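K.L.:
how would this look folded up:
(one chain, ligands or ions: 4)
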Amino acid sequence: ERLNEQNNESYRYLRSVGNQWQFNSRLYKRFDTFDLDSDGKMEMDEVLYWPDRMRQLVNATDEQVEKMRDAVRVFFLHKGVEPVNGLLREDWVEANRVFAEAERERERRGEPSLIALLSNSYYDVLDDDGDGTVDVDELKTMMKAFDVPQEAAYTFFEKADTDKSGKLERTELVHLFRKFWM
Ligand SMILES: [Ca+2]
Ligand SMILES: [Ca+2]
Ligand SMILES: [Ca+2]
Ligand SMILES: [Mg+2]
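P.N.:
Residues are numbered from 1 along each chain as shown. Ligands and ions are numbered 1, 2, ... in the order given. And now the structure:
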């Protein structure tokens, strides 16, 4: 009905590979957090707010910052944020479901996961001392960029630091992103 190939990049993707999948309050809290002016629509300039704040907190290379901005753009375009029309609240749930199928389809096809590309682009920006890994204080900066209490990094670092090494490796940050989105 509402979202389709002409409307939504995850539908465009599914149909380009022949996958016929059709869509039949914690989730809505998420939309309403992204909808910065509370008008009932998510637009791309609103989603680019988050990497723009992250970039102020650290001193990543222009290349890293652009890899992050572009990965956030791609991610949210596939999450249903269209360049002109953006994404309506009425469409949020179905945009999330079709996106989850598109991520499954990518993985079957051996194609890169968009959540993984997002997470890796943050990882390079978060590792602000260049030692190779993200520590808990670097994770706080992430919480600060996302407007979440910095102390919540203790909780998240713990859940994510699955090899108990005291540092997040790339795959662990991917795990934390993924648990978060789907
Ligand atoms: Ca809005
Ligand atoms: Ca580091
Ligand atoms: Ca670890
Ligand atoms: Mg606006």
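
K.L.:
going forward, measure contacts between C-alpha atoms and count neighbours the same way
P.N.:
Noted.

K.L.:
how about stretch 121-138: buried residues?
P.N.:
Residues of stretch 121-138 classed as buried: 121-128, 133-138 (neighbour count, 16 or more other Cα atoms under 10 Å).

K.L.:
Show the contacting residues for the closest residue to ligand 2 within the chain.
P.N.:
Minimum separation of the chain from ligand 2 (Cα to the ion) falls at residue 127, amounting to 3.9 Å. Contact analysis of residue 127 by Cα atoms under 8 Å, 6 or more residues apart in numbering lists 133-135, 138.

K.L.:
need those in a markdown table with distance to residue 172, can you?
P.N.:
Formatted as a markdown table, the contacts of residue 127 follow (distance: Cα to Cα, whole Å):
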| residue | distance to residue 172 |
| --- | --- |
| 133 | 10 |
| 134 | 10 |
| 135 | 12 |
| 138 | 14 |
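
K.L.:
Can you list which of those are found in helices?
P.N.:
The helices in this structure, assigned by DSSP state H, contain residue 138 from the contacts of residue 127.

K.L.:
Residue 168 - nearest residue in space that isn't next to it in sequence?
P.N.:
By the measure of Cα to Cα, 6 or more residues apart in numbering, the closest residue to residue 168 outside its immediate chain neighbours is residue 134, 5.0 Å from it.

K.L.:
Quick check, that neighbour in contact with residue 169.
P.N.:
Yes - under the criterion of Cα atoms under 8 Å, residue 134 lies in contact with residue 169, with a separation of 6.9 Å.

K.L.:
Assumed residue 68 was part of a helix.
P.N.:
Yes - inclusion of residue 68 in a helix is indicated when DSSP: H, G, I helix; E, B strand; the rest coil is applied.

K.L.:
Quick check: the gap between residue 71 and ligand 3.
P.N.:
Note on residue 71: its distance to ligand 3, by Cα to the ion, to the nearest Å, is 24 Å.
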